[PDB]
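Worksheet: the structure to be examined is printed underneath.
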Amino acid sequence: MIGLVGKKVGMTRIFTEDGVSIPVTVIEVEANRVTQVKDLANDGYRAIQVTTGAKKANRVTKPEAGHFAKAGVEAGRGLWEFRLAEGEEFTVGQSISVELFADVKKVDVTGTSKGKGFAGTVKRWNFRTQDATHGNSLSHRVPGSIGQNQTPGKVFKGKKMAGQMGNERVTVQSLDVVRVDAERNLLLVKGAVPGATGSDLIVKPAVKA
Amino acid sequence: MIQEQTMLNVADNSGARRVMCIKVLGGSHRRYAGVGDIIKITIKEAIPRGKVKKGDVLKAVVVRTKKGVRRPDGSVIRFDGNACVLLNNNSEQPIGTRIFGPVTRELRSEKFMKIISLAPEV
Amino acid sequence: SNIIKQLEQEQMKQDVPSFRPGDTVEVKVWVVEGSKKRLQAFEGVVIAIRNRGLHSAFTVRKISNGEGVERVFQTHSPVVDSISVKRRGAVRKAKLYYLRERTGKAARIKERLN
Amino acid sequence: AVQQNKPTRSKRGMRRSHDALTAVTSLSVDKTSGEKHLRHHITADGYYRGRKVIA
Amino acid sequence: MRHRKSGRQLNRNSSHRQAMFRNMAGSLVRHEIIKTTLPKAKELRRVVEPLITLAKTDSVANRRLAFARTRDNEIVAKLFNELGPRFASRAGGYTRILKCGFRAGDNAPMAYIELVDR
Amino acid sequence: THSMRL
RNA sequence: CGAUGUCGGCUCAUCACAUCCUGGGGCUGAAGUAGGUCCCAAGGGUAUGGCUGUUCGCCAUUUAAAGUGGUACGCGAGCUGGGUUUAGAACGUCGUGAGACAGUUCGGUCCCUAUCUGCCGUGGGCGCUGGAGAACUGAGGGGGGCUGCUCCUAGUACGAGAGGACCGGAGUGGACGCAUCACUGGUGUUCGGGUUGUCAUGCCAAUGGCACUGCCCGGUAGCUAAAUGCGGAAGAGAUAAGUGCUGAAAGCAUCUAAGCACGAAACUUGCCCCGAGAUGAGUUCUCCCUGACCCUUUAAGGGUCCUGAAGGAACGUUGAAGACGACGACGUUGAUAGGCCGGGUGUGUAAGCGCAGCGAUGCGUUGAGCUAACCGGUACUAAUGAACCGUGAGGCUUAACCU
RNA sequence: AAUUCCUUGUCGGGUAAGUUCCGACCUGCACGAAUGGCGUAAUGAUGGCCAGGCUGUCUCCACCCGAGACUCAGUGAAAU
RNA sequence: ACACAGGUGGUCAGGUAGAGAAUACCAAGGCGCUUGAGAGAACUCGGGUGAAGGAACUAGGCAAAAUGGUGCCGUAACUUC
RNA sequence: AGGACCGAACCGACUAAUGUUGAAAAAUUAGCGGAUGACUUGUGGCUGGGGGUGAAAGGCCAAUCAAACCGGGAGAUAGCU
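Next comes the structure, spelled out in structure tokens:
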């Protein structure tokens, strides 16, 4: 099937009655209204384009506003697209609610992780630090050697070095969905999903099932 | 979190007062041992009439750890002092006839059920 | 936000007694041994309370037979059943880890009698 | 950590292509005094958004 | 990596930063307008507005608290005798930042900070 | 002088 | 030889296969478990210590296994400097001696701010043929690919008995990696308190400065690991070694010549990420501009006046975004940041006053006072009307339709 | 053995494990008696080894505080 | 060579605590060291703290941590007494 | 009493880190050794180059030492670059 787009609001824990405390992440999966249906005619593939939340009336530009008010929806924050595996139809303008995960058992969550910025190789690539005493000179957390000698004569591409860590799209796979609360539009998953509290999460049914 | 070169107190009465862990058994590159974990020990201090003598190499199981154990609700049980029960090398049964101090409920499996039968608290 | 505090108020128990660091306390917890469930009492001294609402915990230190045992308890978990505050302590700290340092006659504290 | 041979004036100007200063787009005109100033800055005359604040 | 953190370091250690903010708050309370750099003025807002909050409730303990923050009896006198009654209806925002060119000596972004009376 | 190739 | 810094260790690797483990097979002097030997296979993995400067080795204890080699015996403009290889000194030996020793022993300056290539990140310009805002397909590229133990079948098959499975399943670990702070903790020189010496606020009381935050005790938010979730796969296609089916050449036989079916962690996908500068520059949806005239070599021309559109940029308030750029939110038609209010949390019963006592001090007011980054609210302060850039229906040729 | 090549001699102690250390034996390649032999209390920024305490040395790094690195304005080198 | 973190002889020397000319805070007296303003990346420098372990590091406990004052009690082998 | 002990000034220079186109052509920082003596220091003398002086390293003799520095034989000589 398809996924839903929600907002991460914190982590909590559910105390079940037997004793086991399940640490859950709360995803407020709001109503996703379909904006565009891409089909084989115009696009050569089938997919739906959804939106969630609502932007201010004047922050929405004229091309976005015309795209939204072309078919029966009000403007939300950002457009997304799900690839419709062979035999599902979602009419344009349709609000898709959260009971799609009241069906399912496991979930993968896609988000942009928290950005650590320019991180060194010890944080980024788990490099082992050099010996922090015993004579070492200005070389404790430096990367070490980065290539062999005259025969390569060059650093191989894909060398692990210091650089931007975080702030990238990552997907956590096969999380147990603990509770689907339609009355407050809450989806609770077992485990840690990517991103800071407030970033948008794409929630799909688990494909490694 | 018992590693190699950790000095452990001894919970049973095989005779050892204080032993030293020399390898955390089970798996390659393994770092630590918890309460449900077998280690290899060697004996540094013994009692003069006891069964085991100082300088022997045998096996133990940890029963108390200052790092603790984490129960599934999130509660931790942090003992004061690391403690082990000495097992035989190939028999894997305790060499003691009694056990001092309390032990943990997450030790409860068959051979260590024979251990916790002698235990004054679980 | 308003959502997380709402789920915390849904999860929490209405009844939990008022104790402080220093209070000598019995906690009775559930244990399982297969099908058979049992209650087990842990009497010690509350030496740390971590108030967070639902995530509140408290650390009870008990000198067992020869040894020192220490257990934190999730205050709102269903694995606890009762917290009977037996004795009332008169410390003037919030965390009492010097009792983790001290043993014996130096590790005792006077009564509150508020 | 030293050059192997000297870089040309060609490679000098290419590096200094990004060193160019950016001029301000435009200044603002205050409503009362009418003098030019930066955006969100008080005037040299001490006026800011139709209001004299400093003598 | 400074995520969700506050407080500016200002290239001063905590003793120098605290003593400088004590002196700058005394100068702003005494003169009712001072001229400084821009981020110093923003952290000065964050320092000097709780003192005017404290100045509304007149009590001996509040005089001693405001003495512990300012270490000048002239400043607590001007606070509890003028800016207490003057800002008693105002809730928050007793100071105003107005950006005033750049410093001549080093090209530093200057700004005025004043009370909202003038 | 350890850098010399003796 | 107008200098190519060398053994070992550390950090970081990368390739070959002559494979250590895992994977698939043939033969066995292969009953089973376990071996032996040989073929295919490089996807992933491949110890920790004692001794020694050591590599190597011996040993101890593991492991599924502790592979063999190349890379200037990889790696000193990446670190060390134990050995070796300067100058001191000594031993043994050789020499009459100065001195010498692949003979020991003690000690003994390891320089460099990266221009170019390379690599890791990150932008500015222009292009993509009118301009702009988004969402994508996906050429291609990268990441990941390890494995033990226990239980079930089943104590069956086999075997005299000791012992003891193939195939298939279920759980729980080790190492590795990703994510996040809900828990357990670390930190928390921006919060609270104790306390020593001294100086000051006139003094008592109460505070503050300095002494590494003076020394300490707890600790919010962030960040984090030791904490907590997750993941390696199942599946498909074409195969290697091997195994066959029919089957002649060679009336038989024969896996191959015609033909067909099996067959591994290797190969291509399936999983995750980047990705139209993919100049072959793609697709879809939406929005925006519908004016007059001059000149000359009347050309995809140059010029004048008027209008500046969508949108962008600048400016400001700023962000669990960040070296700077960038990215994200907001700019009063407003919760972007500070303040304020309430709560939460942390610390531990503030100051003053009253009482007790000779006083230190205790008790009451009182779980008080003070609370950083948290939470929900609130326009009190600052986010100024604007000005800036971007235009005015967008070439030629051919084809298929419609007036 | 500051001497010993063979060699990590061989035996004992310490260690789970000890080419170094300690005590021995002599097979002294190639000790040896004022270029002194062998012991020696005290001493030593002396060489070697073991134990207790203590620790970020390390497993395995994490956070914080300052000074540079980074951005802005002024000045403004160098080897090559 | 510098308005250079180096060198250079004699005299005076207060308070509080302290054995002290040590050291801490101050007086008289003199200075803030002749580029500043932001930001709060890697990494380097000087530090602070650290769960569990405690030399497993390494050529080597190198470096850090710890010990640290006064009064009394007590104190081994060996010794040139 | 002491070429006695602990430890400032003072004299030295054991270890580590930083510095390595330094703040400095030998230093800084934290620890370190001696600190009533074979001590240390001010001022002035004396010893001079195959010479001095040397608690001896071929050390020091003006940032120079297995024979200083300056000027002269001297445009030494160079089968070598």
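Chains as they are written, first to last, in the numbering used here: chain A, 1051 to 1259; chain B, 507 to 628; chain C, 110 to 223; chain D, 631 to 685; chain E, 165 to 282; chain F, 46 to 51. We treat Cβ as the ideally placed atom computed from N, Cα and C, and that holds for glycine.
I need the boundaries of the alpha helix (DSSP H) containing residue i, first residue and last residue.
i, result
"residue 1267/A", "The displayed coordinates of chain A run from 1051 to 1259. Any statement about residue 1267/A would go beyond what the structure contains."
"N1082/A", "Per DSSP, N1082/A belongs to no alpha helix (DSSP H); it is in the beta strand (DSSP E), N1082 to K1088."
"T234/E", "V224 to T234"
"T1171/A", "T1171 to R1174"
"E1149/A", "Unbroken run through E1149/A: none, as it is neither H nor E."
"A1115/A", "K1112 to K1120"
"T217/E", "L202 to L218"
"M184/E", "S178 to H195"
Could you check the C-alpha separation between residue i and residue j for me, to the nearest Å?
i, j, result
"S1147/A", "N1217/A", "29 Å"
"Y678/D", "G257/E", "19 Å"
"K1166/A", "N1176/A", "14 Å"
"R537/B", "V567/B", "15 Å"
"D270/E", "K204/E", "16 Å"
"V1172/A", "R611/B", "39 Å"
"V200/C", "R209/C", "15 Å"
"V569/B", "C590/B", "5 Å"
"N1199/A", "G177/C", "59 Å"
"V1055/A", "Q634/D", "56 Å"
"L279/E", "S179/E", "26 Å"
"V1205/A", "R1174/A", "19 Å"
"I508/B", "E152/C", "28 Å"
"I197/E", "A189/E", "10 Å"
Take residue i as the anchor and find which of the options has the nearest alpha-carbon.
i, options, result
"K661/D", "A685/D, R681/D and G643/D", "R681/D"
"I1196/A", "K1207/A, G1137/A and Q1086/A", "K1207/A"
"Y276/E", "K199/E, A189/E, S178/E and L192/E", "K199/E"
"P600/B", "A625/B, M526/B, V530/B and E510/B", "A625/B"
"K573/B", "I583/B, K565/B, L564/B and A522/B", "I583/B"
"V1074/A", "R1178/A, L1188/A and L1225/A", "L1225/A"
"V125/C", "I218/C, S193/C and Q115/C", "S193/C"
"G1128/A", "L1134/A, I1052/A, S1145/A and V1100/A", "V1100/A"
"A255/E", "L215/E, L262/E, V240/E and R233/E", "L215/E"
"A1152/A", "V1239/A, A1246/A and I1064/A", "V1239/A"
"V240/E", "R228/E, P249/E, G265/E and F251/E", "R228/E"
Quick one: what's residue i bridged to in DSSP?
i, result
"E152/C", "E135/C"
"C590/B", "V516/B and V568/B"
"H667/D", "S658/D"
"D1158/A", "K1254/A"
"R159/C", "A166/C"
"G1167/A", "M1215/A"
Could you spell out where the beta strand (DSSP E) holding residue i opens and where it closes?
i, result
"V1227/A", "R1219 to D1231"
"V240/E", "Careful: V240/E lies outside any beta strand (DSSP E), inside the alpha helix (DSSP H) at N237 to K242."
"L262/E", "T259 to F266"
"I192/C", "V189 to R196"
"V181/C", "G177 to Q183"
"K1240/A", "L1236 to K1240"
Legend entry - Whole runs of the beta strand (DSSP E) within the stretch 509-573 of chain B, excluding any shorter than 3 residues: The qualifying runs are 513-516, 522-530, 544-552 and 563-570.
Inset, instruction - At 3 residues or longer, and completely inside the stretch 1182-1218 of chain A: list those beta strand (DSSP E) runs for me, N to C. - result: 1213-1215
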